[PDB]
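Since the structure comes first, as C-alpha cells, the remarks are kept for the end.
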Amino acid sequence: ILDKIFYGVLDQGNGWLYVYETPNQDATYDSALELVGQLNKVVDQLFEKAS
Amino acid sequence: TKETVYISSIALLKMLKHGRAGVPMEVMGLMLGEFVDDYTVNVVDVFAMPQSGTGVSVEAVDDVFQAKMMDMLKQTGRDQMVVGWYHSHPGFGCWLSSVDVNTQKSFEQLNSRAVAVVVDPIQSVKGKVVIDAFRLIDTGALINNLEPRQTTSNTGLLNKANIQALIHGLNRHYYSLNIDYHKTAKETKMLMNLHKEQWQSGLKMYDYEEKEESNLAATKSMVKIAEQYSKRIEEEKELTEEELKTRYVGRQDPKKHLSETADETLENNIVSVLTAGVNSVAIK
Amino acid sequence: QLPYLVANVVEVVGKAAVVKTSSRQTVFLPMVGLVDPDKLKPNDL
Amino acid sequence: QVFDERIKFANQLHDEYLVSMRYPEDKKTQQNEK
Amino acid sequence: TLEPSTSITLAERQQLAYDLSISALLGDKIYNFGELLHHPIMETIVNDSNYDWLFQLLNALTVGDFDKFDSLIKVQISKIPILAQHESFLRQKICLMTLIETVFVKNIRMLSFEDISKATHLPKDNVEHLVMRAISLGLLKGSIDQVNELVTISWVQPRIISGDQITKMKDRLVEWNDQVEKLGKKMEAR
Amino acid sequence: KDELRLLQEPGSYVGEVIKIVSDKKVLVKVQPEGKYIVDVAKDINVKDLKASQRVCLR
Amino acid sequence: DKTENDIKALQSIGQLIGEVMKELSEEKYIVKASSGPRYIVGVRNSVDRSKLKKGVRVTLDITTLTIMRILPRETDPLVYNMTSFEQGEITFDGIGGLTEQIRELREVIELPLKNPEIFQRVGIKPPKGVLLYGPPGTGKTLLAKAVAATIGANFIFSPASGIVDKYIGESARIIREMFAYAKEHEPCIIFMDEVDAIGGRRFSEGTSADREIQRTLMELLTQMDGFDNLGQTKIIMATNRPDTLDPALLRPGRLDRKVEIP
Amino acid sequence: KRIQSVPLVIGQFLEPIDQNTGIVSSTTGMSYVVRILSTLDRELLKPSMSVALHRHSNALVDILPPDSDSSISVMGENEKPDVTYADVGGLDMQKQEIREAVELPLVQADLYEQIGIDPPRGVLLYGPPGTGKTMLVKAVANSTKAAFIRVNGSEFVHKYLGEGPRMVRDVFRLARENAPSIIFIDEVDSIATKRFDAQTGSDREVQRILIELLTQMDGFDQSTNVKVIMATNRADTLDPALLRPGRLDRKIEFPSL
Amino acid sequence: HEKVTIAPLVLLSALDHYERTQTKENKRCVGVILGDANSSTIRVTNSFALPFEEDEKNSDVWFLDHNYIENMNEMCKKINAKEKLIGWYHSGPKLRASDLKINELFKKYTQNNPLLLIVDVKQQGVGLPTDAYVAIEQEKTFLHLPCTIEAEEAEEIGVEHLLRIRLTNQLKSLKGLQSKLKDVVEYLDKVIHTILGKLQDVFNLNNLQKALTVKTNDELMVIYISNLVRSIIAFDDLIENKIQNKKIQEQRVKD
C-alpha cells in the first residue's frame, strides 16, 4: 500500500476493510500557482516603475 | 423628376430568392405596384419569369405567361400595373447585365416607370444588401426637370462612386440610383417574431434551459478540465511580459486571455446557477 | 441553348455523368433524359 | 458561505482602484505637452 | 363506441360483453376491469347471470379479498391461477399510484410492505417476488430496496380517474405559480 | 470603422517603373502580365519615378 | 409525362469536381479543383467523415465552395491503363499439372483472404508478394487469371511496362492510385507482367539513367511494409528469373514466395 | 465571420506593408494585397510561408504548415507504427547504442547540457537490411513519440530537374518547427554515390541531392530538431560528409558473427 | 412523428394577403403551401392565398375555387420545377366544417398528407403565429408537429439588414408555468381524461435523492472556482492601469 500498488485500508478493531479510490483530488489549487507567481513579481514592478 | 424606389420587406426577399440559384445562371421576374411619379414608388408583389434560349433579354418576356399571371394575381387583389422588371446577373463594375443594353428603351415605350433591377451579390451578401437598378434617361440632365433634389445624388466625385467603376455616368445616362426600404405595421411585428438576430423562440422555457443545462451531456462536461483550459490560455500569455517592458515584442498579450476566459466564465456561472434555479419542484 | 458548347465526356455514379469541356473544366452532374450513355463518347459533339 | 464572501472581496479592490487612474489624468492632459 | 358500424341485436351485445369480460381476466393491460365500466358496456348489460364479473372485480381491488369474489362465481373461472395472480398486480397498482400525491401533501414517496399485504392478500416475504415479476413483464419501471423495504417507480399507466385526483393535481401546479410570486418577483426587481 | 474600409479589398499587385511619358502617365512592368502604363496618384510624382522602382498598382 | 420530367431535369444545377489535397480539420478540407488551382472548401450535407478523408474525390460547389457529394478517388483512368475484370477468366483446367504448387498457393493466398484465422492460430504472418516466373508467355497468363477465378476476387492486371519511361514523371502516381483502388474494393488481387524490365540491382542501389527504375523499386517496398498495406489484396509479379528483381524487394516482408514455372 | 466563414483559398505570404496590410501571392498567379489578421503582427508573422486567404475580398486567414505532399518527389511518412519496441532479441549490442543516441537526446538531453556537449544529431547503421533496421526504427519512434518520416536513397528520383533539392528543404522546414520528428534513411549509399562521369542530359541530380542533405547538418550549428538515421547496405568508400564525427556521432555496424 | 420548417418569407407574405383582400372577422383566408414533403422534415418554400369565402353563422357555407389551383400549378412549373403542392394553409383560430371538408379537396392535387396550418393574423400570445398540424384518423384528429423557423443563408442575412440572457430565460420560463395553471382549470370545467393520462405520466418522471443533494453543492463549488478565474480577469485590469500610471507620472515631469 505504501508502494502505491494496492489501493485500500483495513480495520484492526473489527477486522473489516474499506474501499479506497486511486485519485485523491482534482486540479484546482494548481491554477493558483500561476497567480501567486505573477503577483510576487509584476506587482513589485508596479510600485517601482510608478515611484 | 426621378423616382425613389421603396421596396418593402415582402418584395426584397422574393426578388432576391428568385435569383439565388447558381452563380453563372441568370433569371428574371416581374414587379407590380401602384404609385405615381414625382418621387414616391412602391412594389406590391413579384414573381419570377421563365427563362428562354436568350436568357435575360427583351424577347424573354412572355406575353402569354404574363397575361395568365395577372389573371391569377387578381384573386387576392395584388394585380396592378407593370412597374418594371428585375433580373439576376453575377455583376460587374459597369453594365452589370451582360446582355441587356438597349432593352430598357423598349421597356420605356411600354411604361415610362419601368426599371431593370439586377442583384450583384448572388448569395454573396455580407449584410450590406446592395442591389442595382436601371432607368433610361435618353436625352436629359440639361435644362429639364431636376432629378438630384431627393436623396444621395450628384455623386461621381473624383473616380470613386459606389463600385467606383461607374463614377458619374453610372450605367447609362446617369439614372441616379435611389433605393430605400420600409416596414409597415404588419411587417414590423412579423419579422421581429420570426427573424431579428437568431430565432430561439417556441423553446422559450427551454431556450437557455435545454441549450445549456439539458445539453450538459457533452457541452461543458468535465468542468474541471474546462477550468484547466483557462489555465493554459492565461499561463501562456501571462508568461510573456512580467517585467512591463519590451522583451518578446507584444502589446495586447495580457488582454488576449482576458477577454476570452471572461465570456467563458460568465457562461459557466449563469448556466450553473440556473441548473437548480428553474425549480422543477422535484421534492421526493 | 442553340449555341451549344463543345464537350468531351470522360465517363458516362451510374446515373451521374463526368464531362470535360474544351475550357479545361470538369463538372459533375447527373444524367438527364435528353442524352443516352451510348450517345456520350469522345470525338463527339 | 465563505466562498460567496470572497467573491465580493476581490471586487472590493476593483471599485477603489479604476477611479484612481483618471484622478491624476485631468491635470496631465490639460498641461501643454512638447 | 361506434354508432353506424357493428350493428348487432341486444342478445349479441351480452355475448360480446362475455368475450370482453374474459379478455381482461388473464391480463392487466390497458387500464383494468373498471375501464369497460366507463364505456357503454357494463351499463348496457344486465347485472346478473354472471355478467357482473367486470363490476365486482372493480370494487374487489379496494377490498382485496379473493374469497368474496370466488363465492359469487363458478368453478370454471376460479380454477385458473392466472386470474388470481394478475388481480394482485392491480390491487397494489392503486397503492403504486399513491406514490405521487394521494394522502401526503408533501409528495413524500414511501411504500411499506405491510400496507400492500392486506390489500393484495399476499404475505410479506412474497412482496419481493411480486414486484420482480412486474419489471420482467414490462409492467412498471423503477428500482426497489430490500434492506429498507422501499419501492420507487417511474410510472405504470396512470388512469382516467378523477375527483380527488384532479383536485390534488391543481395543488402541485400552484407551487409552480407560488415561485412566480416568491422567486419570480425577486428576479424581476433585479 | 477601419474594418468597413478594409472589408472590401480589390487587391493590388507589385510592379516596377520602367520609363516616363510626357503625357503624365508612367510605364510599369508587370511580372505575371507585362508592361502596362497607368495614371499616377495625386501624392506620387511622375518625374520622381525612375527605372527599377518598386511601386504598388491597384 | 416523360417529356415533362426531362424538362424538369434541365432546371437542375450541377457542380464542379475535385480531390482533397490535405485535411485541415473535420469541417474544413484542402482540395484541388478541376476548373482551377487548389481551393479550401467546407461541407454541405450527407457528409460521412469515416468514408471521407484526405485524397477522397469530392464534388465541389462553384457558389459557396462546399462538398455536395462523396465519390471514390480516381485520377488516372483505372479501367484503361490498368486491366480490371470481375472475378477471373481462365479456370483451373489450364493450370493443371501444377496442383502440387497450386494447393500451396491457395493456402498462402486464398485462405488468408477468406479466413485469416488459419495463420493466426499458427502464428505466421501472411505473405504479401508472390512471384510467378518462367518462360515468356508460358504460365504467366494462365496462372494470373486462375487465381482470381477460384478465389472470387477481381482481376487487376498492372503491367510493369506502364511505369518506367523516358518521359518525365510517371513513377509514384501509378502505385499510389493502384493502392487506392485496392483499398476501396477489398475483394481484388493485383497482377503484374514483365518485371525484368523495371528491375536490376545496379551496384549500390543508386541511380544512373535509372530515374524511373529506382523510384519504382523503392515504392513497391514501402507499400507492403508501410503503415497501410493491402490485407485483402495480394501483390503478384510475373517475370523470367528472380535475378532480374531488386534484392531489396527479395528480402522477407515483401516477396515471401517464389514459384517456378517449368 | 466575414474574415473566414466557408470560403477559403491557398496563398503564399511575401512581404508586409502596414498593420493588417501585406503583400502575398496566390495560386492563380496574380498577387494581391490582403489584410493581415489582427493577431499576426510581427513576431507571429513569418517572412515567407504558405498561408490561407479569402476567395473574393482577399483577406488573410491562417498560416498553413509547410506541407511537402505533392505529385513529385513523394517522401513517405508513417504515423504511429504498430511495431512493439524491443520485439526482437539479440539487439542488446545495438539497443544499448540506440538509447544513448536516440532516447537520451530526445528525452534526457538536458543531461548533455550538464556535460557541456551538444546531443548527437544522428546515427549511422551498417549491415544487411531487415535485421534491427527497418521494423526496429519504427518501434523506436513509439517510445519517443516522434513523427517517423521515411526518406530513402531511391526516393525522390525523377527525370525532372529542381524538385530534388526543393523537397528536401521543405522537409527540414517542417522538421525544424516540430521537435518530435524522426527521419530514417535506408540504403544511404544511393544518395552517397557521387558523379564519376558526365551523364550528359536528364541526370543532373546525383550531386544536387547532397547539397540540401548536408545543408541541414553541416550548414547550421549543432542542434537536434529531428533524428536523421542513415543505413548502409553495401558500400566500399562513400564519404562526402559522411564519416568523421563532424555531426553524426555513432556508427552502428551489425555483427556478422 | 414528423417535423415542419417554415421560412419567414412564407409567413410574412401570408399575413399581407389577409390585408390585401380586406377580410374581416366574419371570414377567413385559405391558401396553399409548396415545398418538399418527401423527407421527414416538411418545408414550405412557397405559398399563395386563395379567394376563400365563408359565412361565420353557417358552418355549411364555404367557397373554394379549384380552377385557380390548376392554373397556378402550371405557372409555377416554369418558375421552379422542384416546388410541388405539399398541402394548404388557412387563417383563423377556429376549425369548423368549412376547413375540415376542404382538407380532402387539396388531397387530390397533393401526393402526401396535406399539412394543416392555423395562421393567427393578430399574433395573440407567446410566439409561433402559425402552428403545424397533421391530419390523421383513428373522426378527424389533428396532431401538432414541431414548428421551427429556419431560412437560407442570404435569407436570414437579408432580413437583418431590414431591421438594422439570464433574466430572459427566467421570464420566459415563468410564462410557461402560468399557462399550465390555466390549462388544468379550463380543461376541468370542460369535462364537468386522455390529456390527463399523459400529464399524470410525466409528473413522477429523498431515498434515492439523498446522494443527489451533494451534486447541487458540487456545481456551486465550481462556480467559486470560476469566480477565481473571473477575479483574475479584473486582476489584470488592476495591473493594466498601473501600466498607464507609471507613464502618467512621467507626463507632468516632461511639461
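Once the dipole of the range B:207-284 is set up with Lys and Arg at +1 and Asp and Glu at -1 on Cβ about the Cα centre, which of B:281, B:233, B:248 lies farthest towards its positive end?
Final value for the positive-end residue is B:248.
Which of rounded, prolate, oblate describes the range B:207-284, given a ≥ b ≥ c as roots of the alpha-carbon gyration tensor eigenvalues and a/c under 1.5 marking rounded, otherwise prolate only if a/b is larger than b/c? Before the final figure, lay out the partial values.
Numbers: a/c = 3.93, a/b = 3.30, b/c = 1.19.
Prolate is the answer for the range B:207-284, as a/c is 1.5 or above and a/b outweighs b/c.
When only Cα pairs under 8 Å and 6 or more residues apart are kept, what is the percent relative contact order across chain H? Spell out each step's value before the answer.
Values: 421 pairs, mean separation 52.0, N = 257.
Rounded, it is 20 percent for chain H.
By its C-alpha gyration tensor, with a ≥ b ≥ c as the square roots of the eigenvalues, how is the range I:1-74 shaped: rounded for a/c under 1.5, else prolate for a/b larger than b/c, else oblate? Numbers along the way, then the final one.
Numbers: a/c = 1.81, a/b = 1.70, b/c = 1.06.
It is prolate, given that a/c is not under 1.5 and a/b is the larger ratio.
With the cut-off at 29 Å, tell me which of the pairs B:160/B:196; E:124/I:210; B:128/I:27; B:245/D:28; A:41/I:247; B:211/F:1 have Cα atoms farther apart than that. Mind dumping the intermediate values first?
Working: B:160/B:196 33 Å; E:124/I:210 26 Å; B:128/I:27 41 Å; B:245/D:28 22 Å; A:41/I:247 19 Å; B:211/F:1 34 Å.
In this structure, B:160/B:196; B:128/I:27; B:211/F:1 lie more than 29 Å apart at Cα.
Can you compute 3J(HN,Hα) from phi for each residue in the range A:35-47, using the Karplus curve 6.51 cos²θ - 1.76 cosθ + 1.60 with θ = phi - 60°, rounded to whole Hz and x for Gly and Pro?
Listing the rounded values in order: 6, 5, x, 7, 7, 9, 10, 4, 4, 5, 6, 5, 7 Hz.
If one takes the longest principal axis of the Cα atoms in chain G, at what angle in degrees, from 0 to 90 and to the nearest 10, does the Cα axis of helix G:99-108 lie?
That works out to roughly 40 degrees.
Only loop residues by DSSP count here, and only those with at most 12 other Cβ atoms within 10 Å; note down the GluC sites (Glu not before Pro) in the range B:32-116 that meet that.
In loop regions of the range B:32-116 (DSSP not H, G, I, E or B), the sparsely surrounded GluC sites (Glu not before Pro) are B:34, B:59.
Looking at chain B as a GNM with Cα springs under 10 Å, which of B:105, B:14, B:256 has the largest mean-square fluctuation?
B:256
Can you compute the charge dipole magnitude of the range B:2-181 about its Cα centre, using +1 on each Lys and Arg Cβ and -1 on each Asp and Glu Cβ, nothing else charged? Give it in debye, rounded to the nearest 20. Can you show the working numbers first?
On the way: 15 positive and 18 negative charges, 113 e Å.
For this selection, approximately 540 debye.
Based on the alpha-carbon set only, what is the convex hull volume of the range G:1-85 divided per residue, in Å³?
Values: hull volume 13.3 nm³, N = 85.
Expressed per residue, the convex hull around the Cα atoms of the range G:1-85 is 157 Å³.
Please work out the C-alpha center-to-center distance from the range G:227-262 to the range B:239-284 and express it in whole Å.
Here the two parts' Cα centres lie 61 Å apart.
Can you work out D for the range G:67-122 in µm² s⁻¹ from Stokes-Einstein, where Rh is the Kirkwood radius over C-alpha pairs, the temperature is 37 °C and the viscosity is 0.692 mPa s? Provide the component values of the computation, followed by the final result.
On the way: Rh = 15.2 Å.
D, rounded to a whole number, is 216 µm²/s.
For chain E, what is the relative contact order in percent, using Cα pairs closer than 8 Å and at least 6 residues apart in sequence? Please report the intermediate quantities before stating the final value.
Details: 140 pairs, mean separation 30.4, N = 190.
This gives 16 percent for chain E.
How large is the charge dipole for the protein assembly as shown, taken about the Cα centre, if only the Cβ atoms of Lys, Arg (+1) and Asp, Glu (-1) carry charge, to the nearest 20 debye? It would help to have the intermediate numbers written out before the result.
On the way: 178 positive and 200 negative charges, 521 e Å.
That gives the protein assembly as shown a dipole magnitude of about 2500 debye.
Per residue of G:56-63, count partner chain C-beta atoms within 10 Å of its C-beta, then hand back the mean as an integer. Mind dumping the intermediate values first?
Details: counts 0, 1, 1, 4, 2, 3, 5, 10.
Average neighbour count from other chains, rounded to a whole number: 3.
Taking H as built 1.01 Å from N, whose amide H comes closer than 5 Å to the amide H of residue I:47, not counting residues under 5 places away?
Amide H neighbours of residue I:47: I:34.
Starting from the amide H of residue I:4, placed 1.01 Å from N in the peptide plane, find each other amide H under 5 Å away whose residue is 5 or more places distant or on another chain.
Here I:42, I:148 satisfy the definition.
Per-residue ellipticity at 222 nm for chain B, helices alone: DSSP H runs ≥ 4 residues times -39500 (n - 2.57), over residue total, nearest 500 deg cm²/dmol?
On the way: 6 runs with 75 residues, N = 284.
Mean residue ellipticity at 222 nm (helix-derived): -8500 deg cm²/dmol.
From the residues B:166, H:164, B:266, which one has its Cα farthest along the dipole of the protein assembly as shown in the positive direction, the dipole being from +1 and -1 charges on Cβ of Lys/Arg and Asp/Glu about the Cα centre?
B:166
Whole-Hz Karplus ³J(HN,Hα) for the range G:117-129, in order, using 6.51 cos²θ - 1.76 cosθ + 1.60 and θ = phi - 60°, x for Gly and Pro?
Ordered by residue, 3J(HN,Hα) equals 5, 5, 7, 5, 6, 6, x, 9, 7, x, x, 8, x Hz.
State whether the range I:165-255 is rounded, prolate or oblate according to the following rule on the C-alpha gyration tensor (a ≥ b ≥ c being the square roots of its eigenvalues): a/c under 1.5 gives rounded; otherwise a/b larger than b/c gives prolate, and the remaining case gives oblate. Can you show the working numbers first?
Values: a/c = 9.08, a/b = 2.59, b/c = 3.50.
Note, shape of the range I:165-255 comes out oblate.
Let me confirm one metric for peptide E:172-180, namely the mean number of other chain beta-carbon atoms within 10 Å of its residues' beta-carbons. Don't skip to the answer; put the middle values down first.
On the way: counts 4, 10, 1, 4, 9, 6, 3, 5, 6.
For peptide E:172-180, the averaged partner shielding equals 5.
Springs between alpha-carbon atoms under 10 Å, Gaussian network over chain G: tell me which of G:136, G:77, G:187 tops the mean-square fluctuations.
Greatest mean-square fluctuation among the candidates belongs to G:77.
State the percent of C-alpha pairs, over all pairs in chain B, separated by a distance greater than 28 angstrom. Could the numbers behind the result be given before it?
Details: 22799 of 40186 pairs.
Summing the P(r) tail past 28 Å for chain B gives 57 percent.
Note down the Stokes-Einstein diffusion coefficient of the protein assembly as shown in µm²/s, whole number, using a Kirkwood radius over alpha carbon pairs, 20 °C, and 1.002 mPa s. If you can, show how the numbers build up before the last one.
Values: Rh = 41.1 Å.
Answer, rounded: 52 µm²/s.
Say the dipole of chain I comes from +1 at the beta carbon of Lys and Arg and -1 at that of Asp and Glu; which of I:18, I:203, I:132 then lies farthest toward its positive end?
I:203
Could you derive backbone 3J(HN,Hα) for the range H:138-146 from the dihedral phi with the Karplus parameters 6.51, -1.76 and 1.60 (θ = phi - 60°), listing whole Hz in sequence and x where the residue is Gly or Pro?
Values, residue by residue: 5, 7, 5, 5, 5, 5, 7, 6, 10 Hz.
Counting only residues 5 or more places away or on other chains, whose amide H sits under 5 Å from the amide H of residue B:45 once H atoms are built in the peptide plane?
B:32
Which semi-axis lengths, in whole Å and largest first, follow from the square roots of five times the eigenvalues of the Cα gyration tensor of chain H?
Numbers: eigenvalues 292, 107, 58 Å².
Its equivalent ellipsoid spans semi-axes of 38, 23, 17 Å.
Based on the Cα gyration tensor of the range B:1-60, what are the three equivalent ellipsoid semi-axes, each the root of five times an eigenvalue, rounded to whole Å and given largest first?
Working: eigenvalues 123, 40, 19 Å².
Equivalent ellipsoid of the range B:1-60: 25, 14, 10 Å, largest first.
Express the relative contact order of the range E:116-190 as a whole percentage, based on alpha carbon pairs under 8 Å and six or more residues apart in sequence.
Details: 27 pairs, mean separation 10.6, N = 75.
Taking the mean separation of contacting Cα pairs over the length of the range E:116-190, I get 14 percent.
For the range B:207-284, with only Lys/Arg (+1) and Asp/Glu (-1) charged at the beta-carbon, what is the dipole magnitude about the Cα centre, in debye rounded to 20?
On the way: 12 positive and 18 negative charges, 33 e Å.
Here the size comes out at about 160 debye.
What does the structure give for F:24-34 when I average, per residue, the other chain Cβ atoms found within 10 Å of the residue Cβ? Walk me through the numbers on the way to the answer.
On the way: counts 0, 0, 0, 0, 0, 0, 2, 2, 5, 2, 0.
Rounded to a whole number, the mean comes out at 1.
Values in this text are rule-based calculations from the coordinates and carry no lab data. FYI the Cβ positions are ideal-geometry reconstructions off the backbone, even for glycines, and counts take in every protein chain you see.
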